[PDB]
Each structure stands twice: as structure tokens, then as C-alpha cells.
Amino acid sequence: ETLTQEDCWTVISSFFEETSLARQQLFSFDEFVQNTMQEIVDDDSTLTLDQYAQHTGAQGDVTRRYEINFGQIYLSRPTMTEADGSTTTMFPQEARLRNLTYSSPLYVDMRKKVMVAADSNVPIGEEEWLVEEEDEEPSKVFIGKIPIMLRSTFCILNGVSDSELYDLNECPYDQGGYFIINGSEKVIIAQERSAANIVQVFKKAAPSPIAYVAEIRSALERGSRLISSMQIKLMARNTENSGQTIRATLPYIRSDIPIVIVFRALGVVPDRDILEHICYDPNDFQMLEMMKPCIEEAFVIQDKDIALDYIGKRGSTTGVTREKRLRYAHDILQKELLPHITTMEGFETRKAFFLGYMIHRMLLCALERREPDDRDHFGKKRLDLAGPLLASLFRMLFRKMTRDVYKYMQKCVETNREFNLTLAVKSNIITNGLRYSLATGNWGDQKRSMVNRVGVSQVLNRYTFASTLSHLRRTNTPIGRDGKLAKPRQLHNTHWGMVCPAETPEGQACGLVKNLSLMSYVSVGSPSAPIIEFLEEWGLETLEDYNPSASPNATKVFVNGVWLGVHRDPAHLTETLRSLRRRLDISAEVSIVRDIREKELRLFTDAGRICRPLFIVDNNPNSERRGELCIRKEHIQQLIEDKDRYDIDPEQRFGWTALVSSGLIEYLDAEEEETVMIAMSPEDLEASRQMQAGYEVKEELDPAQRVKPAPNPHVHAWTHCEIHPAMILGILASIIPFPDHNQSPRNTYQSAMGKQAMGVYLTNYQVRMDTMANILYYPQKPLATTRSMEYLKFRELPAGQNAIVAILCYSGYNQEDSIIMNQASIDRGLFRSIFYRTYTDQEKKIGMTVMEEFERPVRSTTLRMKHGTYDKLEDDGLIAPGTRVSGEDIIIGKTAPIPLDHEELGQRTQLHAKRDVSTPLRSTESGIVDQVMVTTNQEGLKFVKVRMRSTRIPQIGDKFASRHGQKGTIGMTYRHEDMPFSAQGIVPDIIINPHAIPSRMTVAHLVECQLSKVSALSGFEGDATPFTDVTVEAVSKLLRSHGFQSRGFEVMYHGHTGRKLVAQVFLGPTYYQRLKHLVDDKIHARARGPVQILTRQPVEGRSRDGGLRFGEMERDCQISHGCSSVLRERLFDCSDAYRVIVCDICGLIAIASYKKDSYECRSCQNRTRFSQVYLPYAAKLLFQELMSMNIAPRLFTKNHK
Amino acid sequence: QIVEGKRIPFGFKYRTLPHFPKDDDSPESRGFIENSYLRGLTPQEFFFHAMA
Amino acid sequence: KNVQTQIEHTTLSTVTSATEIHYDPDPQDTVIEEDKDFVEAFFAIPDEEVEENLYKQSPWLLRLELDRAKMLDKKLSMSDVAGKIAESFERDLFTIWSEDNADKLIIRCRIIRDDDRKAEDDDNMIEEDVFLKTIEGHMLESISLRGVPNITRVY
Amino acid sequence: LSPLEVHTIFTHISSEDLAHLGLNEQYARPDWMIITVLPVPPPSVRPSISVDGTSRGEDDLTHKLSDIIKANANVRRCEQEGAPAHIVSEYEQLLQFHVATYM
Amino acid sequence: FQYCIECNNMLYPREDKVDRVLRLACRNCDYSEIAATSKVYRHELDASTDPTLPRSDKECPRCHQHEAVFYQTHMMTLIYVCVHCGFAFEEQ
Amino acid sequence: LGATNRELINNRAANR
Amino acid sequence: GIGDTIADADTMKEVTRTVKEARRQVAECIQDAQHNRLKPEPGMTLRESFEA
RNA sequence: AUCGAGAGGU
């Protein structure tokens, strides 16, 4: 009656049956579209304009009020309207092919209203509005187009079966979770931020004048979701002042207000009240002693009105009357102070209570009673997914659209023109803004590009199925990528189960870019009202009636960072809340953290909290199953039975949700993990349980197995248990076999290199015209596989091959991380691949005249024709599929008319009227035209895409890698006869050097080879899942059972001499990957060619025939060598040699005519004394740039002593 | 396993992972891997080695 | 070790274990039972200077408890620290102390009021308690008992 | 302190005072440190970007020289028509800004 | 440490020379009171419910039970706490 | 929604 | 190969006994530090000395 | 062509 690992994997299988790997993106977007858009519309629902009566002296002057109310929003399915005006439903593949944004139009119900003031003599603002005119029904008005995330509930592919996906040219394996903007796929990278409504106390480092700072980043639940931030700074002890003063930094205040003054502005004038707010214990004298100096500092202000005046004088406005200053101070104190607590009248008591709480926390850290906060604790951070981000963007864009509508109202009213609702809205605002933000990633308005966030949207990575899965689950921390702050980059303890420990890029973004674990769930947010209602009805004492003195031992209750009140029995409250969540009466995303030392009960329901699921251990006092998992074997058998059953209703099967709603699985975030005790496996629970039942928990232990620490006797109750430790890994770390037998940076290196492995990325790559694609001819699934691969679908779309690898020193061509590849194996298709590239062109147009034509250009009329071949183009200016092209051969023929007024030296004969703008093939590439797609673009102009294919056979210089960070290039290829063989005639496909193994300590590579050999011999698949009881001893026994040396060695013979090698070789199958780094993609040589126009130096880039940079370090190396002429050649004769004539009198470049051999300096009237200077063109450019700043850099060739 | 010159830090409150109790200074809790690469790391050891 | 002690810097705060400001009206008597024995011994021996200055001792008693362990570690005697304080503040501060064998190391201090100050500025005089708080702050951090400045610790 | 005033003071400095100040009278006279004439670099320093088409979009320095000359023409026109002194300053402190941000 | 009984502000120390006594007088109003002792200045230079705290089988003096949580200070000395009566111990 | 999506996909020729 | 990372059974008994003795020593070190029986090294706080 | 952003390689 103990849970097994097979049962754990059945539970995980159910999880992934009901959960997609793109679930976070999809659910966030669904939340944004279904709910957040309506809330954003409502928050700015009404627009009102009051036309007062100007005193023009004409009888008939009456004030008017015009009102526009924005109603419900309607989102249709994505559609396209053509040039001819026909409107059709649009499908993702057509959008990808024709470069169309896959967006759905949005309509909003607007209603208009006009009212007349009852009397015009009333003071402004007191006019009574009588209903004059009103729209009987609303007008459904198109306001914009929202890009639709693929596979979301509003996509055309939602609820669509596999067969219909094929009919649409869609891969059933594709998970969606992205957008199509102008044909390109864009994924929104989750953005990490610090949580709002949390008080964080930070110790400022010396010699900063501030000792400690308590900061809260207050955000309204839905009212723009984050505006105000406050600080409470304690100032450092000074030799002049015997005490430290507490000053509150508030929005829109130029100075730090002493805390007592802001308390008085809140009505807590008496000192006793203030120190009861701050120091809840009268008997504690250190707190009051530290508060005394600020009371001393703030005695000059003893009343609320004087405190408000003090605040107002320090507002951003100077030279204002006292009444306005007091009004402004009260307005700031009400609205811009702690808006998450409240923003409405009569709530100064709660804000004062929370301010006292913040001061108490900061002084607890200043007394060194509690440690400061950890800025990097994962439970204090939130992930903004597509939902929240698109919500902020749409709020901004809808505000801009409403401003436009209001300006339209004002302009129409001024001119007495009739107001039309349809003409009022500039629908281009929302459409263009969303399109621009999703396309460029620059997050915000086009006009605030520098201040906007960047890189929020990235082109989806279609190199391998696993790389795409990884890209859909990527988080970015917007820390400075140049500043060297190792702490944010480090792997925190709280990352356990939330972020992948291994998968993180190497380089500047190491540790900042993170990847969600397999079972990590990111909350989308839920209402806090039901939870507050349950708290109120269960005995929550409101904060208005709370008196700390009466109940100092009672526990503060927070919800979303709002101190709602105080409870007297927080244990029972917490058990009741947890029970409710365990029935889903409360949302499963709700964090219920009881902090016993701090006497707090924090509830969280907001979005962005990363959670992970865990088993629940039965802890009920009267239960007969103390210390045993709630989930029985019966529940597992139910999962197996309902997995296959399809006759059952799809929504009424027993699966993952049935476990959560039944109280057998619980989602915990990092905040709640701090209050739980988690067993690492059911066997650990059991061992602890016998240890606690008096049994010795002792037995004969397989010496080959991992050694675990003995069960801790100090642990008597476990609250949870992990479903499987292997779930702490990401997409790519879950493809590594035996990752727990490797040195961790090798796991990171494999996680990075698995993205670049060649395979089949989508099944529909044939019908997709991608810019770049690399496809493996004969992909094979690994012989050694992890159980997590079933959910990553690596067996379905693998990205490598099982090569027979021998670890041997054979001819010395595999040294320094090179490999030797069998040439016969290459000839038979090993690691062969296809490279597809796509060239896009289209017809342009300006005004009413088309200035481009897809045609076969003719030498006799087209000016400036390229040097490539125009003979492979067909009559329609294009190139047919199946033809062979190379280098600069033209694949698309396009011409542009020239203005009739242009006269280019007569080179443009009377026949020459056009100019060639054709598209040549890349100079460094050649192949066969695979495909030529022809269509029309959004503007009804012709639009062509030419896909070329080119087979790449492995050769010397091509990167290959194992799944263990073992990367190399091919150094040499030997044929079948020349390679070492076994007594069966097995010849390895690859030979790798032994020296790669010891230093790197990639023992997982050797264990993989042995296990793959066993599985190839026996046919059973090899389980390489981490943290299993699969030992090398068991694999050795299995291998010996097949008549092989147990450790994987084989007697091999020399191919050259047939002699039996003195050493026995480690030979067996290992999964290798062809990497996107091919030598021919990189080989580059330049003799001469293009130069930059400005500097006249070799251009940059292999693709554009550019030179290589001779940098500062190379110059230093040649200096230390002493090779003066080498430097002169590299930096002058080979880059930008140039000649000028300087005047020997003034030292400035002269006017030189070499044709006439006449030189002149008008300034000096010099025509005889000149010098010839050889210098870099960049030097002459620098000198001219200086002369443009009135600096005269003068070159004198003779010592002017 | 050593992070910033010291044993694995208490990133939770007085524990390194939610699998140990508070104030556990024992070798296993703070990042001592008694296993070899051949034998395999336990999940806690795997995480600590990843941190290093 | 002797040279190490001569080098390591030890201010009053280093040796001070606690400080207090009591209101003890009688310079001869003491409100603290622990202070009776040594104060009685101090006043057992008549002294003309002390006998005269007795009336100038304010009732604000600045008390300082010093850790015996830190005195042993730094090899400091109560006479030495008392003399250092007196030289640091000359005559403004009358001081008395107990013997080393005393189970508690206590220094009692008072401010010898200046009789040359006419009582005609009663609107700005600092209450003697605030002046003594400033004095204690200055004592804890300024007065150096031994060692070399800026050499906090020695190995 | 207007550029005119500083320029006048700098032309009123003596050669010996320049030598004492460590200022070169032959190459770096102080009054020359005030811009009365602005050199215009050749198009070679500031070429026009021609994107495989009928483009003459010019360079950043070309645009800023256009702005500087426009502001200069504005100041001259204001000083000609007899515009109010504040109108003249409107373009004076704008020409100064254009030159400063050009360099 | 005291507050004014009139306006509830802070009472500051003061010397009454005529009687030579220590008083606590409000600096906002005219109220004043006699100090009990008013030592002006002092310059010192439920855990059984937590399931994450380590437990011990130590003896409880009060109720003579055996279950007890413990935790370090915040010297790595242990404070124990009984799980039946809630009494806090010391290592003795 | 699934049925509507199926209807829209299958008849894309007729609805065009 | 994987056979070169394997040490015989007696050697693994040696390794296990070494690690057990190290764990024992750390256990009495923790016990002593929990009873103020660990004299701090000169210029080293008790926690730092225990960690070292 | 220019500029900006991003993904990568050693």
C-alpha cells in the first residue's frame, strides 16, 4: 500500500494529458481577452464634454453636456479583407505564407447622450442635467484588431481535431502559444518583476546616509495595476545628531517628510496614538527609544492642518495659496498614498495602521531583531505573461483612442457639426499599436521607444521541436546585462521546482534568462472578494475597531498585501482555508501562508505566482493513515481506467483536476513552501514513518545504489511529498540521460546545445516557407530515454541519431575535442541533412502608379543590371521549381521604372527606361529551387516566395555533440576498411578521444553508452531518467548476460594491419546530434572587394564580402613582436590607404589637381610649397570632422623648430 | 558544495530546501555530496551541485 | 601578547558594558545598594578638594558598568580607565570607582557645575540630562584607552 | 553674458596676458573659442544613404546643418524687420542649441 | 516613559530646583508630574504549532512530557518549547 | 466553438 | 570506459567509513556549538568558527 | 544602405 514510481509517472502522465506545455501563455492570453479587456474598457467607459455658454451677448445661450458610454466588447474570429473588398475567415498558415497578422477585429457598443442644464445661471459644476437626447440602442463599432494567440480559445484551431489540422496544413504537435505578425511568429517572453503590495526592508550599505529603507510598491488590483511606490528611510547616525530620524518619501513630494508629520496629516496627532500605531508593545523600550528622536524632530507641527500645510508647501507646485496647498496635500494623502489599501474618503485609520506596520518592520531590521529581506527570494517575485502585458498595452491604446474620440467631440461641438460615432474612433490606434509592440518587441508607444521595454516579443525559435518548447516557456529578468551583479544571476534555493536548475544561457544572460520547470504553474489571478468575505464571516476583526493594546498576541491577516484585520485563532482559520482550497471552494492558485514567528496570515490571489504541485500527506490527528499520502492506489487505478475511456464525457473523466479537486494534489508557491515539510519521495515518507514507529529502518542495502542520509529523527510529520524529483528540470534538461551523473555545467552546456540540434521541427515543414530550416534525413529516437520524453514528444520528432561510438586514440585526428567519423556511414546517410532557405519579394507601389514589375529584365532597357545570370528566369520574372542555381544567379526578376527626367551621362539610352532591382541568390550558397509560392499581399500586389533546398553531408569541420556537453568537430573521416573492428565486424561510426572524459567527468556519457548497448542488444528501451534505482552494476550484469564484457569493453583489431589492439576499446551506441554549425556556413576569405562609403574600409560580414577586424589586441600583439611593417601593411596598405596634399605653410589639406599637376591653398595663396602625405582614409575623415568643430589639426612634414 | 566561499546558504527561512527542518547544519542539508558521479547524485545533491 | 595589547585599539565603548543616567541626590550616599560599599570607602577618607567640590556635584549621576572579562582581555584596571576619562575631561567631570575585586565594575560620574556662570540665561540652558547624554555618546566613541588609532583588531 | 560680450573681452586681452595664462596666441587665441563662422564639412564627411533606389535622404550632420542655417536665417530676418528683442532671443537661444547639439 | 494626561503627548524630563526633584512635564501644555524613578536613559551595548521546526524527545519540567520543538537564537544555543504545555526551556 | 471552427474549416472553399 | 570509474567493494567500504566518521565528527561539532562548548577562534565569531 | 533590437559561436 505504498506509492510506486510507476504510479508517480501515471500521475505525471495525467498532468500532461490535461496540461499543455504552452498552457501558461494560452491561459494568460485567455484571461486577458475574456476578462481584462472588458475591465479596461469599463475603467474608461464614459467620456463627458461640458459646452458652457460663452458670453457672446446673444439670447439663446444654454450650456450643454455630451456623453459617450462604451459598452460591452465583441471579439469576432480572425478574418481578412482583400484588395477587392471580399472578407473571408483567415487561417494561420495562409497568414504565415502571405505575411498577414493573425488578428481578430474588436467592436465596442457605444451609446451617445445629450443633456441640457436646467438653469444656466447656476455656478459651474452645480448645473442640473436634463435628458435632452439619447440613443435608443447601442452602435456596435469596430475599434481595432487584436492579434490572436495561436491555439487559444479565440483561435480558429481551438477544439479542432487532428485530421482537420492536416487539412489546414498545421502540425498536430505544435502547441500554439504565439502570434503571427506580418507572417512572422512571435512569442512573448515572460517578464520577471518584484511583487507589488509587499513591504521589503533593505539595509543600505555604508557610507550611504540612509541606514535602512522600507519600501512598498503599491498597486491597485485592477485600476491600472501599479502606480504608487513609497519609502520609509531611517537616516544614519551622525556625529552631530544623537538619534536617527524616520522620513517618508511620498509621490509628488520633493522632500522626505518626517514620519510623525505624515501621521498627523492622517489624524493621529497625539504622540501616544502614534507610538501605539508603531510600537504595539508598551513594555518594549528599545522601539520607543528609537522613535523618540523623530517625535523631537516633528514637534513644531502639532495639528492636522499644519501637517497638511507642511506637506503642501513641499509639493511640486510653488507660489500657491494655502487653501490650494492643503487641498493638494489631502489629495495626495488620500489617492497617492498606499492606493492598494484604499483610495476613498474616510480611510485614514487603515493607512495609518499600515504605515505604523511598515515602520515597525523597518525598526525591527534596524534593531537587528530580524534579518533584512532577500530581493531574490522567488516567492517575492511575479511573472508577467502575455496576459498582463497585453493588458497594460491595451489600456494605454484604449486611453489614446478615447482621447482621440474626445478631441473629435470637442472639434465637432466647436463647429456645430453633427457627431457620428463611427467616424469618431480612429480604429488604427489599437490595431497599429498592438501590431507594432508585438512585431518589434519594443513595448509601448512608438514615440517612447527609448523609454519603452525591449525584447518582450521574440521570433519563435523553429530549429527543433524541443527548442520551440523551450522558447514558449522562457522568462527574462530585466536586470542590467552589463552590470556585474552575481546575486540575481545565481540559482536561488527557492528556484527548486519552479525554474530549471540547468537550462540557462552561457554569457551575459547567464542566470537572468530562466526556463520554467515541467510542472510549474503560473497563476493567472483570481478575485479576492470571496476570500475576504470568508475571512469576515469566520471571525476577522476589522482594522477600524482594532486596538493593539487589547490584543497584542493576535495575528494580523493580510490579503494581497492589504492588512484587513486581526484574528485570534489563526491556526483553525488556516486549516479551514486550506480545506476549502483542497475542495476548490477557493481557487487553487491562492497562497495561504501562516507565518508563526511574525504572527501573520498572508493570503495571495494575484497573478504571476509560480506554483508547483505536490502530494498531500495525511496529517489528520485521528486518521488511521498518519504519514501516508492522501492519494491511494485506488486513485491511481482510476487514472489508468479513465485514461483510455473516451465514451465518458471529455470533462467528466478522472484525471489531474479530479486529484486537485479531491484534495490529493496541492499547488504551492515559494512563499508557501516555507511553511511545509516536503518528502522527496514516497519511500522517504515510508522510511520516516517506520523510523517514527520505533522500527530500526535497517536492511541490507545494494552497495551500488545512491546512498541517502538516514531519515532525520527531528522530523515527525511531513506535510507534502514530491511526485517526482525529475520534474524540477526544464524541457531540454529533461532530454539528458542520467543528468545526475554529470558535472552540472555539462548539463547546462547540453541544455544550450540541444536547441541547435538538427531534426524535424514540425511535421508540416514541407508546406511551411520558413526563412531557414535544417532537417535530418533519418532521425532516430534515442536508445536511452528519460520518462519525461513522452511528454516532450522527443521520440516523435527526435533531433539526432544513435551512432556506434568507440572511445579510442586512433591516428590522433580526434584530439582537442575532434572526432573521427566513418566515411562509409556518411555515404549511407548518417547525419545527412537538408537546408532550406526562403527568399521573399513583393511588388511595391507609391501613390497611384506601380513602380515595380516582376518581369524578365532585358539588357536593352533596364539600367544597372546585376552580373548574375538572367537565363534561369521564366517569362513571369520568376524561377521554376527544380532548377539549379548557384552564387549570384537571379531567382526573382524585378524592375522599377526610372523618371523620364533623369539623364545618367547618356548611359541611359533612349531605350533605357527601367532599372533592375532583381533578387540574386546568396553569393555563398547554391542549390535547387524547391518551391515558388505566388500570391497577393494585403495591398493586392503580387507577392512571391522562393524556397531553395540544399543537401548537407557531414564533412570535416562540422559540429556534433552528445547529450552531455561533449561537442566536437569532424577532424577526419576513414572508410570501412581502415577503422578498428570487433570480432563481429562492428565498425564504429564515430571515434572520440578518451581525454574528453576525465576532466569533464561526464560519467553520464559512459553510462549512456553501456545502457544503449544493452538496449540495442535486448530491444527493451533504456530508462535514463534521473534519480532512479538504475545502477551501473545492474546494467553491467545485463550487458554480461548478452555475451559481452560487463563494462562495455571489446577486443578490437587494427584496420590497417588486422592486428589485435593491445588495449580493449569502449565501444557502443551513443546518441549524437548534428549541430547547426557547419564549416561551409563559416569559411570566409577576402582579398579585395566592397568598402564602406564613409570610411572606405572593408565592409563587415561574411555574407557581404567583408574583411576581418584587425583589432586593438592584434595591434598590441604585433607591437610586442616588433613588426612595424606588419602593422603598417595591415592598418594602411590593406585597409584604407589614401593620399592627400598638405600645405607646408598652414598644414591643412590643399586643393590638388593631379590631372593638371596643380596644387593650391587659397587661405595662404600657396601654389609652390606643398607636401604629399600617405595616411588612412579614416585619418583624413577624422581630421575633417575635427575641422568641422573649428579644431585645426595641422600636419607639418618638416620640423618647425 | 561551496557557494560564495560558504556552504549552501539558507535561501528559505533557516533551511536550504523545504525538505529539511529549520536550523539543520548537518552535512547533507548544507551541500555535502557523499555520492560519486558513478553512483549518482540525489535530488538535493543535484540541486546543490547545480548551484555551485 | 604584550605588544599585541599595546597595539590593539580599545576605546571606552570597547570596555563599556552598559551606561546609565540616574538621579542620585546625595553625592555622599547612593541610591544603589551595590554602590554603598565603595562610595562609603571613598568618602571614609576625607579630602579637602573633594570636600569643597562636593556641593558642585549635580544630582545627575552618569553610571558606567564595565565588563570584567573585557578588562582582563585588554589588561585594563579601573584606575587606568578612570584616569583616562579624567584627563579627557579634566575638571568638568568628578569621578569615582570601586576596586578590582568588586564583583561589579562601576564608574560613577557627575558634572562639577561652574560657579562662574550667572543664572541669567534660563531660557536656553540644556537640561543636564541631555548634556549628559551627549557626554556619554562622546565618551563611548572618542576616548581611547590604549592601542594605535585605526588599528581595530590584531592577530 | 552674451557671446558678443565674451568675444569683445577676449579680443581685448593682451599678448603678454595670453602668455601668462598659458594660451597660444598663434593657434588657440581665446576669442577664436567663440563661433562667428561655422565650417561646413564636405558631403564626403556626411554622405547620403541611397537604398538601392531613388533616395537622397542625407546624413544626420546634413539635417543639423539645415537646422543651423534655418535658425541663422530666422535670427537675421528678425534683426532685419525690427522684431521685438524677445523674438530675436527666441531664435538666438535656438541657434545656440542647434550648434551645441551639432557638435 | 510617560505621556501627558491632557493632550496625550510626550512628557519630557525636568529638574525642579526649588524642591530639587525630578519631574515629567509636558512641553505642549503646563501639566507636570512627579517621577516614580524615571531612569532617564538606558543604553545597552506559539512555536509548537510550526511543522517545519525540528523536534526533540526532551523532558518538560512543568508537565513532564517528552515532545518538544527547538530553535536557535536570533551563539547557536537552542531554545526548546514543549508541544503539550508550550513552556520554553533552556539547555541547562 | 469547436463545432463552429470545424464548420468554418471544412467549408472554406464554399465560404470563399 | 565506465569500468575505470569503478572501485572495488573494499575500497567503497573504506570510503563509506571515512564519510561516516566525518559525519560523526560534524555531529559532535554541532552538539558542542549548541552548548557553547566550541571556543571561538581568535578574531572569529562562533558561527564563522563552526563553519570553518 | 543606414539605424535599432534580438538570437547565437569560441
Side-chain angles (χ1 to χ4, degrees), chain A residues 22 24-38 40-41 73-81 87-108 142-158 168 170 174-191 384-398 400-401 426-446 452-460 462 468 471-472 937-938, chain F residues 5:
Chain A
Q24 306 323 317
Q25 297 257 326
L26 298 172
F27 269 58
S28 181
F29 184 79
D30 293 331
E31 186 70 29
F32 155 64
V33 174
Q34 281 172 5
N35 310 333
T36 303
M37 277 212 272
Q38 190 69 76
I40 280 163
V41 163
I73 55 166
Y74 312 83
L75 194 72
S76 77
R77 292 180 179 90
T79 67
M80 183 177 177
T81 72
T87 300
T88 78
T89 185
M90 152 166 72
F91 296 107
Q93 198 63 240
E94 188 192 68
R96 276 188 273 261
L97 293 184
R98 307 178 45 196
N99 278 12
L100 312 161
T101 301
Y102 180 76
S103 48
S104 177
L106 182 66
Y107 316 90
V108 74
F142 166 73
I143 57 161
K145 292 173 77 70
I146 297 89
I148 291 297
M149 185 179 288
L150 269 289
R151 303 281 210 154
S152 59
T153 192
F154 293 98
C155 177
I156 193 66
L157 307 165
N158 177 251
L168 290 175
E170 292 286 328
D174 193 28
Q175 309 275 279
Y178 56 95
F179 305 81
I180 296 160
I181 315 295
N182 287 334
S184 63
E185 298 177 343
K186 305 286 182 166
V187 72
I188 286 173
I189 309 303
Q191 296 293 315
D384 291 331
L385 299 172
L389 295 153
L390 289 175
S392 88
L393 206 61
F394 180 74
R395 208 183 297 106
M396 182 179 72
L397 292 171
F398 185 82
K400 200 184 185 72
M401 183 267 289
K426 287 180 191 160
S427 66
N428 296 115
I429 285 154
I430 284 170
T431 301
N432 284 17
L434 289 172
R435 200 268 297 159
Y436 170 82
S437 297
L438 272 158
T440 64
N442 195 276
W443 184 258
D445 212 346
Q446 296 178 357
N452 286 339
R453 311 145 87 160
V454 307
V456 187
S457 186
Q458 287 181 11
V459 180
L460 184 62
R462 298 286 200 187
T468 306
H471 206 174
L472 293 169
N937 52 359
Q938 183 67 41
Chain F
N5 295 330

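What you see below is based on every heavy atom in this structure, not just the backbone, and it leaves out hydrogens, waters and symmetry mates. Per chain, numbering begins at 1; letters A, B, ... match sequence-line order.
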- Item | Summary of salt bridge (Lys or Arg N to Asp or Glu O under 4.0 Å) pairs that have at least one residue in residues 175-190 of chain A, sequence neighbours excluded | A:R96-A:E185, A:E185-A:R462, A:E185-A:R768
- Item | Short side-chain to backbone donor-acceptor contact, A:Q191 and A:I189, under 3.5 Å | yes
- Task: Output all residues satisfying salt bridge (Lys or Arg N to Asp or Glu O under 4.0 Å) with A:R98, sequence neighbours left out; order by chain, then residue number.
- Result: A:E82, A:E94
- Task: Any chance you could measure A:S28, atom OG, to A:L390, atom CG, to the nearest 0.5 Å?
- Result: 7.5 Å
- Rounded to the nearest 0.5 Å, what's the gap from CZ on A:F394 to CD1 on A:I146? Could you check? 6.0 Å
- Item | Intermediate values then yes/no, side chain to side chain contact (heavy atoms under 4.5 Å, CB included), A:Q93 and A:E170 | CA-CA 7 Å; A:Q93 198 63 240; A:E170 292 286 328; 3.6 Å; yes
- Query: Taking C-beta and beyond as the side chain, do A:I156 and A:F91 meet within less than 4.5 Å on heavy atoms?
  - Reply: yes
- Message: With a 3.5 Å distance limit and no angle check, can you tell me whether A:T89 reaches the backbone of A:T79 through a side-chain donor-acceptor pair?
- Response: no
- In short, A:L26 meets A:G177 closest at the heavy-atom pair CD2-N, 3.7 Å
- Only residue of A:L75, A:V33, A:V41 satisfying side chain to side chain contact (heavy atoms under 4.5 Å, CB included) with A:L106 is A:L75
- Rounded to the nearest 0.5 Å, what's the gap from CZ on A:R453 to CG on A:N442? Could you check? 11.0 Å
- Any donor-acceptor N/O pair, A:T101 side chain to A:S103 backbone, under 3.5 Å: no
- Test side chain to side chain contact (heavy atoms under 4.5 Å, CB included) applied to A:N937 and A:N99, step by step: CA-CA 7 Å; A:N937 52 359; A:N99 278 12; over 6 Å; no
- Flag side-chain contact, heavy atom, 4.5 Å: A:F32 against A:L385: no
- Item | A:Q38 side-chain N/O to A:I73 backbone N/O, donor-acceptor pair under 3.5 Å | yes
- Flag, side chain of A:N182 to backbone of A:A439, donor-acceptor distance under 3.5 Å: no
- For A:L397 and A:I430, which heavy atoms make the closest approach, and how far apart are they? CD1-O, 3.7 Å
- Minimum-distance pair of heavy atoms, taken over all atoms of A:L472 and A:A22: CD1-CB, 4.2 Å
- Item | Residue list, ring-ring contact (aromatic ring centres under 6.0 Å, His included) with A:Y178, at least two apart or on another chain | none
- Exam field: side chain F:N5 to backbone A:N158, donor-acceptor pair closer than 3.5 Å: yes
- Task: With salt bridge (charged side-chain N to carboxylate O under 4.0 Å, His left out) as the test, would you mind laying out the steps for A:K400 and A:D445 before giving the verdict?
- Result: CA-CA 10 Å; A:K400 200 184 185 72; A:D445 212 346; 3.6 Å; yes
- Does A:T153 offer a backbone N or O that forms a donor-acceptor pair with the side chain of A:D30 under 3.5 Å? yes
- Distance (rounded to the nearest 0.5 Å) between A:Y102 OH and A:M90 CE: 7.0 Å
- Item | A:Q458: partners by side chain to side chain donor-acceptor pair (under 3.5 Å), with sequence neighbours left out | A:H471
- What closest approach, in Å, do A:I40 and A:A391 show between heavy atoms, and which atom pair accounts for it? CD1-O, 3.0 Å
- Task: For the pair A:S457 (side chain) and A:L438 (backbone), establish whether a donor and an acceptor sit closer than 3.5 Å, ignoring hydrogens and angles.
- Result: yes
- Message: Please report the interatomic distance CZ(A:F179) to CG(A:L434), rounded to the nearest 0.5 Å.
- Response: 9.0 Å
- Taking all non-hydrogen atoms of both residues into account, name the closest pair between A:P105 and A:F142 and its distance. CB-CE1, 3.5 Å
- Between A:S152 and A:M149, is there a donor-acceptor pair closer than 3.5 Å when you use the side chain of the first and the backbone of the second? yes
- Query: In Å, rounded to the nearest 0.5 Å, how long is the span from CD of A:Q34 to CZ of A:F29?
  - Reply: 10.0 Å
- Quick note, salt bridge (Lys or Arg N to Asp or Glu O under 4.0 Å) partners involving residues 430-443 of chain A, not counting sequence neighbours, are none
- Quick one: list whatever passes salt bridge (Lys or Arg N to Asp or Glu O under 4.0 Å) with A:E31, sequence neighbours left out. none
- Message: Determine whether a donor-acceptor pair (N or O, by modelled atom type, separation under 3.5 Å) exists between the side chain of A:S184 and the backbone of A:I181.
- Response: yes
